[PDB]
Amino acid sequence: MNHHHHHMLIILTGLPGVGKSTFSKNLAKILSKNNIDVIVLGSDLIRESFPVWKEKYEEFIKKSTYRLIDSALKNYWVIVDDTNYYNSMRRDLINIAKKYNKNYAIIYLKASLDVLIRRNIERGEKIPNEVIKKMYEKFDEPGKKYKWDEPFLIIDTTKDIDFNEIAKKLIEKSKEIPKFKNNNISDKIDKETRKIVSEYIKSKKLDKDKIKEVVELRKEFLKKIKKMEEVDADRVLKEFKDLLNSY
């Protein structure tokens, strides 16, 4: 262009402790080195702004986190640092991308439940180990249900991560193009002639060669009519009925 390139929305998905926040910062840092304005957003920003947790804050948290992401994707790349364990959650974020016609990439961060538990402890078990175990089970494997849900990259956070390799791949994708009546006159003659035939065939017991003859007659009739300029169904449909009765 200016050979083209643009900006997009990155959706992380993975369980607690898997490495989303850390991954985000690193991915974010490399993208900067690439003259790309990127910001990292997640529900935890607002959730942890409350001194304590209450189920009743979640509606504000989710709605607030979506506005930030929405208004951010208008100017910047956005890395959504969130678990997003339900596919419907990922769809919601994708809709924001679609809303602005931007590309999107779902990045799945994986780790054995063994590692997740170990890590959850190292942190203080603020989330019950039992909770980490259930979530691990309930997790919606990305792409298992919908094609739009297929992960752009699956990443094992138990091994090294080539943030340069990843940044490159994302940038390449950002250059791609995100793509995400009433019957007329001729249509009436078709629907009509067809009915007329149905009627005629039920009216006279006829031989096999007879049915086929009628059917061919209709075909020729339609052909001739698409030829004529101005035409009226009542006039023509009558001509058809009469031609049929002469057999």
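Think of the rigid core as the biggest set of C-alphas that the two forms share within 1.5 Å after superposition. We number the residues from 1 along the sequence you see.
In terms of root mean square C-alpha deviation after superposing on the rigid core in 6 other deposited structures of this protein, the stretch standing farther out between 99 to 107 and 117 to 125 is 117 to 125. The stretch that strays farther, by root mean square C-alpha distance over structures and residues in 6 other deposited structures of this protein after a rigid core fit, is 194 to 202, when 194 to 202 is set against 66 to 74.
In at least a third of the other PDB entries of this protein that model the residues around it, residue 183 has no coordinates. Omission of residue 229 is seen in a third or more of the other entries compared for this protein where the adjacent residues are built. Coordinates are given for every deposited residue between residue 246 and residue 247; the gap count there is zero. Unmodelled stretch separating residue 180 from residue 181: 4 to 9 residues (count of deposited-sequence residues without coordinates). Mean CA temperature factor is higher for 121 to 129 when stretches 100 to 108 and 121 to 129 are set side by side in the entry.
On average the C-alpha atoms of 185 to 193 have higher B-factors than those of the other stretch, with 185 to 193 and 37 to 45 being the two compared. Listed residues 12, 9, 18, 228 were ranked by CA B-factor as deposited; 228 comes out on top. Compared with the other modelled residues of the chain, the Cα B-factor recorded for residue 149 ranks in the lowest third.
Remark: residue 64 belongs to the middle third of its chain, ranked by C-alpha B-factor as recorded.
Ranked by Cα temperature factor within the chain, residue 206 sits in the highest third according to the deposited record. Ranked by C-alpha B-factor against the other modelled residues of its chain, residue 28 falls in the lowest third. The entry lists a Cα temperature factor for residue 172 that places it in the lowest third of the chain's modelled residues.
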